[PDB]
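**Q** Have a look at the structure that comes next, please.
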Amino acid sequence: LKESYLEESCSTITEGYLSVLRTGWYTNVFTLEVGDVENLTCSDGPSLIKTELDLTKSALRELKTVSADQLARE
Amino acid sequence: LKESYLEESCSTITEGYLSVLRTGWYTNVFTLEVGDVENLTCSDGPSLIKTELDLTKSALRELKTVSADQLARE
Amino acid sequence: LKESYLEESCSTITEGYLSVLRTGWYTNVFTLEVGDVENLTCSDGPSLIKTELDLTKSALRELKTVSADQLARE
Amino acid sequence: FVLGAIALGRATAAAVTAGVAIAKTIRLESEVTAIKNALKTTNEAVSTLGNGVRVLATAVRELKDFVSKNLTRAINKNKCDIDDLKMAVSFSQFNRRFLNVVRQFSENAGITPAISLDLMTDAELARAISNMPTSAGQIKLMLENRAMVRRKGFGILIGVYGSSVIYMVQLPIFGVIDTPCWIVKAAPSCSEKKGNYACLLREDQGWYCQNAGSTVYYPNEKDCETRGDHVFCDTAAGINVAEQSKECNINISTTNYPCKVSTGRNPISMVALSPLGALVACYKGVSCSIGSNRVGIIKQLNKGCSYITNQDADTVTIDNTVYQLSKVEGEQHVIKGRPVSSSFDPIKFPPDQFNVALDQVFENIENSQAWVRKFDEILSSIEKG
Amino acid sequence: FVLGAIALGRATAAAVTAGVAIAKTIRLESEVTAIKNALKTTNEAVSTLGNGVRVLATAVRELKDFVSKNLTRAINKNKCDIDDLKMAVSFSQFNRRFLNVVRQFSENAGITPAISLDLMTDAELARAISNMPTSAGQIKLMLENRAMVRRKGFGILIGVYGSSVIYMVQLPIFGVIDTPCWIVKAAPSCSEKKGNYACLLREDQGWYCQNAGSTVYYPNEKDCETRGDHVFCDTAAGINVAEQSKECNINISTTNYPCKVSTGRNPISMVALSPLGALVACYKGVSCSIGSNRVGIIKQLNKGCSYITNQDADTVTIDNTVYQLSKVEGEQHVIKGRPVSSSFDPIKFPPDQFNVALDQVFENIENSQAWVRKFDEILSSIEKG
Amino acid sequence: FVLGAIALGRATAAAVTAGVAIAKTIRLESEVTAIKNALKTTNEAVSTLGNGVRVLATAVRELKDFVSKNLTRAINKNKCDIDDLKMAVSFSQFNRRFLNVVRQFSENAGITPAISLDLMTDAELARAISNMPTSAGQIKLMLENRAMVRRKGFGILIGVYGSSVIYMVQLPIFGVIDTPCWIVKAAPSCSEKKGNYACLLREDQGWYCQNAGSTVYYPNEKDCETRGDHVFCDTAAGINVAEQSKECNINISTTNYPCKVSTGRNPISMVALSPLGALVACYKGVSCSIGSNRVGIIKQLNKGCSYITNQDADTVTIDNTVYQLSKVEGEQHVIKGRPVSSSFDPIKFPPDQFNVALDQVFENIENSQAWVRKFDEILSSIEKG
Ligand SMILES: *[C@@H]1O[C@H](CO)[C@@H](O[C@@H]2O[C@H](CO)[C@@H](O[C@@H]3O[C@H](CO)[C@@H](O)[C@H](O)[C@@H]3O)[C@H](O)[C@H]2NC(C)=O)[C@H](O)[C@H]1NC(C)=O
Ligand SMILES: *[C@@H]1O[C@H](CO)[C@@H](O[C@@H]2O[C@H](CO)[C@@H](O[C@@H]3O[C@H](CO)[C@@H](O)[C@H](O)[C@@H]3O)[C@H](O)[C@H]2NC(C)=O)[C@H](O)[C@H]1NC(C)=O
Ligand SMILES: *[C@@H]1O[C@H](CO)[C@@H](O[C@@H]2O[C@H](CO)[C@@H](O[C@@H]3O[C@H](CO)[C@@H](O)[C@H](O)[C@@H]3O)[C@H](O)[C@H]2NC(C)=O)[C@H](O)[C@H]1NC(C)=O
Ligand SMILES: *[C@@H]1O[C@H](CO)[C@@H](O[C@@H]2O[C@H](CO)[C@@H](O)[C@H](O)[C@H]2NC(C)=O)[C@H](O)[C@H]1NC(C)=O
Ligand SMILES: *[C@@H]1O[C@H](CO)[C@@H](O[C@@H]2O[C@H](CO)[C@@H](O)[C@H](O)[C@H]2NC(C)=O)[C@H](O)[C@H]1NC(C)=O
Ligand SMILES: *[C@@H]1O[C@H](CO)[C@@H](O[C@@H]2O[C@H](CO)[C@@H](O)[C@H](O)[C@H]2NC(C)=O)[C@H](O)[C@H]1NC(C)=O
């Protein structure tokens, strides 16, 4: 780089950089498939697969009240 | 919506929105219980339950030096 | 504390606090060691150990394109 | 005064002050014993504090039950190297929530800036909203939009009282809905007479609202946020303005309200995007054009300021740049007139000003002219008279 | 000179610049060879760099020990489909910290703005504080409030040298404690004569500190933060002010210091909450009142400015709004006087100003009638003299 | 016009406006059926929307293959208490990406402000960059610095269309590289004559850039970020300035451009760190000195401004405070002259100004002198003449 001290105004200017400027946007569209977890049910009581299955189902159910820009009220 | 281009002052005014204003706060108080993890010890060596139990005890012992007000200098 | 209401200028002043000022920085240097996870292979197909091993190898290979304050050319 | 700086700090400082002021009451050993005596048989009860406020108390007992029933019977000889592998995979599923609360209050030093899914899950966010003290019209609106109520809370740590972490969560109440709003945008307005310029700019840009006959003005645009048509404002960051302050959109020069402007003597070229279009100010040095996503360039604009409907163009260019117009359906109107800054003289225009009423840029010109006219009469009567 | 804009960026810019200036030294191959030779036989050792600065080096060997002894003894024939199920579950506990550091540096581009529990755990945060180069009474204060030392640090990535991630953590040293402070709050003060107003407002608000005889002034209140009585400031964001800058709080009108004010001609109505109360400014078109939490409305205020002790009320209302006061114990006072704005004729008030000394407003008005009376005397002596 | 405030909000507002105007097209039922018909065979295909824009579609099918093949065959009698322990652990590894997307879109109300490793991993970030519509020289720069392309994106949620989450990720295109830049810094420049002062300060501080023959100016320093020599600017937050604006760095005094300044009458003492040194202003009340890491205090500075090369010092002290210089390597030059502030009379200096061109401070002083001479000539001519 290279720096000058300008006395007349008490300032300083540094030159020698290079620029990397943004000029647009690019869009990638994903599709995170899940499967048929709505027709799987459990009847034996507490276990590990039951807990994981309930977590997955609850996540799918709660993702349907979130909107980017619109009010779901209607 | 409806936008007017005010020419005299070089500005615009957009009408037709609806407001949703905050007017107060509501307080919910929780109580996250942990049981008696302070009375369980381990006397074999490395395992899985021992690692989990040590994490839980350490978390309790750590949380008791965090204050949201009134520095604990005493 | 102690608060005065300065009537002449319509303001207030609250005295009685105490200060805790920062006067420097202290530096700690860590060395997180991973071992020889670049020489171990899997040849049976899917399994739990293979998934964990792939995750660790990929993490090492990804952390070599990040630079704190320099760029990469040539 | 500059209204944009009298605000800027009121919204966050009023929210934290009202939160610590009520954790100071729940932290007494007299109130903690009263809360835990309501939850001795149930899991949710509505309790009144010592200073007349009402709260909602709820208890979490998923980890205490496992440690009391399942974990303790297996560990009887202090020999926790049992070959079960179900008591060691279960016990790492039950304390993920406990080990995440301890992680958020310990890095934020006791106050977190947002509600995560560990402090308050989603099934416990639709039980607080069903209980708030407001009408049934507002409660129903808040239940289909729960993600915008979690967005404006925060949590505070009360303590570890024995073996049970206690904390509290603040949530907003949206008590007034469906009341008119609007928004104002601006750009410089310059003129030339033989190479000298005479700029001008408006300074009352932002959101306004009505509320039972009283207008409010939200100057800092980090406070309000639209989702569709609705606007989510915070009432503690506005400034009550007079009802006449909508005459600056009809007659800015001949009115009598003090309409704020900023002036200058050098052009600026910019693009100020509005909700249904854009305002493009192109002056002596810059070249502008508009385009489309398919058919490239359309035409070249002229000097002066112009309004570009978002049905004519998709991109607007300032000498090298591309701006994307917003695609929202609406109506567009044009209100004719002759710009204010064409009535000034570029010579004898006053120096640069920052948030001064437009009644005073006309006085400053008049006062300086009166002395010149007065001074020429006195000279004549000395000898000519 | 607007002191609020000269600051605003100094504290953050001077903290990154001092952190990258020493990562540029450890990043060499001479130092990294020298650091890892202090850690071949112990898990922590204090080392001195090449430019004279001392650091603390600490090593982590939980994942390397598992991989070397346990894992690389069942994966023999490249067969990882073994039916142990305990190695495959132990392996996912040991590398949980390694994969969480790699995520924090890879998303923040190499510099993270806070010290998560994965970079520096709580047992290693109390071994750094016990080593800092400061007195014995400052160390004791920091050790019980570690959550406020973690809150002001950051991390930087040094490299990946072989198979070992290296990084560094910057921590603050709180070297000066227990030195007086105070805070100043303000609101507009207006007058009225036959419908004309003459406003005024102070502009020297924020925190002041003493330190061995020299006062400092922190204008942007994002710098400082209180916990109880103590105030946690950052010395790189203040501006030294003269000793007699405290004469603005005793006799504002007639000192020799330049007290800074902003004037106007249009009233503003607002509430400016203070640590032990609130200042309510109610003017022509607004209605205010105060109340409690149990009962409700208590009394209604008058036009002008007034001081509402927090032992009188719990809410303050501006025409539709409610502000909850802060419950903090203390002792209040009132200092009599005649407001400065009562001294100005509402006519012949100067235009809107922005951070000018109060001596210049009085000089601006006087300079104006100096010329009018000068002209009136010359006017008579010509024709009549 | 205050150029630093006309900006400040355009960079983030113009990015979200373009993000939501393209989600409004993919959210139709006509386009989602068309996207999901491209990925019926492969896992990536470049598709064109209905308004001409091209997107890249990628599919994630790791969880759906587990539930279809491995899982819904071990659950036949609606019994989930099996003695397997390999499905119970495998199925907790496959749904950890799915459960971390739902956590980020649900706490950020549907628009996250940064790309995490859970939305877009690292092998799907180097497949986007390989496709961007730009030249080959720019692609090679982005593929080696992928961490600085992730740093400026965001995500937006499209919906749950049956049993599959759909979202979108916006990435920046760095289409112009290797064009000159520079930076400007400043500090107060005071004078004195028998106890009175006459300050002055520049107000054009920030980053400038050529771009194919057109200078730009980025006034808010949150917009640009250096890594070595390259600086990563955003072209939507800058203001086109005339080509003569670089004349302010050769003679601010007698030029023809309008150089911006701010004046005063009371000294300020501060240190303004610059990339290869520091600028130290020491005035009537402050004591300044410099030093080094190894040997301590080296010398004490004089009154006024001075430039401290980072090859001469390591720390600079303002009356109690230590600032750490930066150790970048470069050159230095000093350009002699007599300060502008020495040309003013400390008495008869204009009142405090805020962002006025230096051309007007000399015009303000010259106008006032002329009236005194004009009025004086009358007084002599009405009696003596
Ligand atoms: C911790 O221990 C308790 C008891 O020691 C476990 O509770 C046991 O699990 C379930 C839940 O009540 C019960 O399962 C039974 O299943 C048959 C299937 O037909 C059904 O007929 C029964 O009515 C019952 O649902 C079991 O009886 C129950 N044991 C007792 C004594 O109540 C609990 O599962 C353990 N915790 C974990 C995490 O496993
Ligand atoms: C990885 O392999 C090593 C050996 O190659 C295993 O070392 C085990 O370490 C523990 C403690 O470090 C020891 O078992 C028991 O230790 C206690 C206390 O140290 C002692 O009182 C007992 O008599 C017994 O030695 C022992 O060194 C070794 N265990 C053996 C050989 O059974 C290590 O356990 C393995 N990793 C894991 C995660 O298990
Ligand atoms: C879920 O899907 C199927 C269950 O139907 C599992 O596929 C099984 O795993 C692998 C992949 O094809 C095969 O392993 C075999 O290993 C021998 C070792 O020499 C090799 O010679 C074979 O070519 C093959 O790779 C196995 O045969 C295959 N089974 C079938 C019926 O295709 C898959 O592993 C399951 N994933 C789980 C349970 O996580
Ligand atoms: C769960 O099972 C039900 C039926 O048991 C599925 O509903 C049917 O889905 C098929 C497509 O595979 C349609 O042709 C039928 O019309 C559906 N029947 C009804 C009554 O709606 C359902 O799709 C399954 N769930 C999932 C996620 O696939
Ligand atoms: C751990 O167990 C000990 C007993 O070994 C508990 O100590 C006693 O707890 C009972 C409560 O059931 C008290 O009534 C006794 O007074 C306690 N004894 C002493 C000497 O203090 C201890 O409370 C248990 N720990 C926890 C966290 O419950
Ligand atoms: C993986 O194993 C190879 C050997 O098969 C290692 O390569 C050699 O490692 C020794 C030390 O163990 C060095 O002294 C040699 O110079 C290495 N030779 C080459 C050609 O590299 C390799 O280091 C191992 N990988 C890791 C990550 O440890």
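Residue numbers (the entry's author numbering), protein chains in the order written: chain A, 19 to 92; chain C, 19 to 92; chain B, 19 to 92; chain I, 103 to 487; chain H, 103 to 487; chain G, 103 to 487.
Even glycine gets a Cβ: it sits at the ideal position worked out from N, Cα and C.
(1) What residues are listed by DSSP as bridge partners for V38/C?
(2) Go ahead and pull the three-state DSSP assignment for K287/G.
(3) Spell out a yes or no on whether the segment 450-468 of chain I and the segment 307-325 of chain I are touching, meaning 3 or more CB-CB pairs, one atom from each, closer than 8 angstroms.
(4) As a quick exercise: from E56/C, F48/C, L58/C, pick the residue whose alpha carbon is nearest that of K138/I.
(5) Taking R129/G and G261/G to be in contact with their CB atoms under 8 angstroms, please state how far apart those CB atoms are, rounded to whole angstroms.
(6) Counting only beta-carbon separations shorter than 7 angstroms, does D62/A have a partner in chain G?
(7) Check whether the segment 301-310 of chain H touches the segment 392-402 of chain H, taking contact to mean three or more Cβ pairs, one atom from each stretch, closer than 8 angstroms.
(8) Who sits around ligand 6, taking every residue whose Cβ is closer than 6 angstroms to one of its heavy atoms?
(9) Work out the CA separation of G330/H and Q88/C for me, nearest whole Å.
(10) Compute the Euclidean distance between the alpha carbons of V373/G and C390/G, then round it to the nearest angstrom.
(11) Which runs of the beta strand (DSSP E), 3 residues or longer, sit entirely within the segment 198-230 of chain I?
(12) Does any heavy atom of ligand 1 sit closer than 6 angstroms to the C-beta of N178/I?
(13) For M270/I, which of helix, strand or coil comes out of DSSP?
(14) Give a yes or no on whether 7 angstroms exceeds the smallest Cβ distance from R40/A to chain G.
(15) According to DSSP, is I177/I helix, strand or coil?
(16) Should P274/H be flagged as near chain B, meaning a C-beta pair shorter than 7 angstroms?
(17) Among residues of its own chain, excluding the 5 on either side of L243/I, which ones have a beta-carbon nearer than 8 angstroms to its beta-carbon?
(18) Count the CB pairs spanning the segment 366-385 of chain H and the segment 376-396 of chain I that are closer than 8 angstroms, and state whether there are at least three.
(19) Nearest to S194/H by CA position, among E21/B, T74/B, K82/B, is which residue?
(20) At what residues does the beta strand (DSSP E) containing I410/I begin and finish?
(21) May I ask you to check if the CB of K181/G is nearer than 6 angstroms to at least one heavy atom of ligand 8?
(22) Short of 6 angstroms in beta carbon distance, which residues of its chain neighbour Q206/I, apart from the five on each side in sequence? Order them along the chain.
(23) Please identify, using Cβ separations under 8 angstroms, the residues of the segment 440-457 of chain G that lie next to chain A, in order along the chain.
(24) Look up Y385/I in the DSSP assignment and give the residues it is bridged to.
(25) Start and end of the alpha helix (DSSP H) containing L158/G?
(26) For a test of your reading of the model: does the CB of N172/H fall under 6 angstroms from any non-hydrogen atom of ligand 2? Yes or no.
(27) Consult DSSP for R367/G and reduce its assignment to one of helix, strand or coil.
(28) Sort out for me which residues DSSP pairs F256/G with in a bridge.
(29) So does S192/I have its beta carbon nearer than 6 angstroms to some heavy atom of ligand 1?
(30) Where does the unbroken alpha helix (DSSP H) through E21/B begin, and where does it stop?
(31) Report the neighbours of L66/C on chain H: residues whose CB is nearer than 9 angstroms to its CB, in chain order.
(32) If you draw a straight line from the C-alpha of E479/I to the C-alpha of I449/G, how long is it?
(33) Could you pull out every residue in the same chain whose Cβ sits closer than 7 angstroms to the Cβ of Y263/I, ignoring the five residues on either side in sequence?
(34) Rounded to whole angstroms, what is the Cα-Cα separation between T328/G and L81/B?
(35) Using a Cβ-Cβ cut-off of 8 angstroms (strictly less than) and excluding sequence neighbours within five positions of residue 6/B, which residues of its own chain qualify?
**A** Taking the structure as given:
(1) Beta-bridge partners assigned by DSSP to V38/C: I279/I, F334/I.
(2) Three-state result, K287/G: strand.
(3) No, they do not touch.
(4) Ranking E56/C, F48/C, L58/C by Cα distance to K138/I puts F48/C first.
(5) Under the criterion of beta carbons closer than 8 angstroms, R129/G and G261/G qualify as touching, at roughly 7 angstroms.
(6) So, interface residue.
(7) The segment 301-310 of chain H and the segment 392-402 of chain H do not touch, with fewer than 3 CB-CB distances between them shorter than 8 angstroms.
(8) The filter returns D54/B, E56/B, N57/B, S265/H, in chain order.
(9) When rounded, the separation of the alpha-carbon atoms in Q88/C and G330/H is 4 angstroms.
(10) CA-to-CA, the gap between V373/G and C390/G works out to about 10 angstroms.
(11) List check, beta strand (DSSP E) in window: nothing returned.
(12) Incorrect: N178/I has no Cβ contact closer than 6 angstroms to ligand 1.
(13) The answer is strand: DSSP assigns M270/I an E or B state.
(14) Cβ-Cβ to chain G under 7 angstroms: yes for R40/A.
(15) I177/I falls in the coil class under three-state DSSP.
(16) So, interface residue.
(17) Cβ within range, chain order: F276, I279.
(18) Look at the beta carbons and you see the segment 366-385 of chain H not touching the segment 376-396 of chain I: under three pairs across the two are nearer than 8 angstroms.
(19) The candidate whose alpha carbon is nearest that of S194/H is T74/B.
(20) Counting along the chain, the beta strand (DSSP E) containing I410/I begins and ends at 406-411.
(21) Looking at this structure, you won't find ligand 8 anywhere; what it does contain is ligand 1, ligand 2, ligand 3, ligand 4, ligand 5 and ligand 6.
(22) If we look at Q206/I and ignore the five residues flanking it on each side, its Cβ neighbours are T214.
(23) Within the segment 440-457 of chain G, the qualifying residues are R440, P441, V442.
(24) Residue pairing by DSSP leaves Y385/I without any beta bridge partner.
(25) Per DSSP, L158/G belongs to no alpha helix (DSSP H); it is in the beta strand (DSSP E), 156-160.
(26) For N172/H, the distance from the CB to the nearest heavy atom of ligand 2 is below 6 angstroms.
(27) It is coil, neither helix nor strand.
(28) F256/G is bridged to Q272/G.
(29) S192/I: yes, Cβ under 6 angstroms from ligand 1.
(30) Per DSSP, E21/B belongs to no alpha helix (DSSP H); it is in the beta strand (DSSP E), 20-24.
(31) Near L66/C (Cβ distances below 9 angstroms), the residues of chain H are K188, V191, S192, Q195.
(32) In a straight line, the C-alpha of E479/I is about 32 angstroms away from that of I449/G.
(33) Contacts found: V134.
(34) Approximately 21 angstroms, taken between the alpha carbons.
(35) It is not possible to answer for residue 6/B, since the shown part of chain B is limited to 19 through 92.
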